[PDB]
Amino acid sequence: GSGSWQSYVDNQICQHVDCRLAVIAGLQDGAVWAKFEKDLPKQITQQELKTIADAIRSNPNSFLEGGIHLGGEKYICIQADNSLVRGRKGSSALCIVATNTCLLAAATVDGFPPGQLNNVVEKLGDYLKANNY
């Protein structure tokens, strides 16, 4: 009851994987509910999040044209559908999920197992969807 989104992101995502970034944002407007970052070239922006939210909801295939832009970095898409987008930049992995109302995204540090990242993000997405979030 009444816990902060920042605590939730830090706990549910960032304590479970070695992240370069982690963000929970609103699916309508790309408004950041909470985010954590390590040393990104640029801060994650509302614009970046709105573009992702709009794309995953309207045309996930669109990520094949130009990639996935977050934190001033470009990830090349490896999977795209309405609920799940995955990409890679070098040995860093990105996983993005859409629930009813939010977008969840996290990218790992170079070399961290992508499968762990994906499982954590996707499990948390599922939990949230089951609670109507």
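The first residue of the sequence shown is number 1, and the count goes up from there.
Given 91-99 and 24-32, the range whose Cα B-factors average higher in the PDB entry
Per the PDB record, 24-32.
Comparing 124-132 with 2-10, where is the mean C-alpha B-factor higher?
So the stretch with the higher mean C-alpha B-factor is 124-132.
Within this chain, which third does the Cα B-factor at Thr51 fall in: lowest, middle or highest?
For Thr51, the deposited C-alpha B-factor lands in the lowest third.
Going by the CA temperature factor in the PDB record, which third of the chain does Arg86 belong to: lowest, middle or highest?
It belongs to the lowest third of the chain when residues are ordered by C-alpha B-factor.
Going by the CA temperature factor in the PDB record, which third of the chain does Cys77 belong to: lowest, middle or highest?
It belongs to the lowest third of the chain when residues are ordered by C-alpha B-factor.
Is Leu104 in the lowest, middle or highest third of its chain when residues are ranked by C-alpha B-factor?
According to the entry, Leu104 has a C-alpha B-factor in the chain's middle third.
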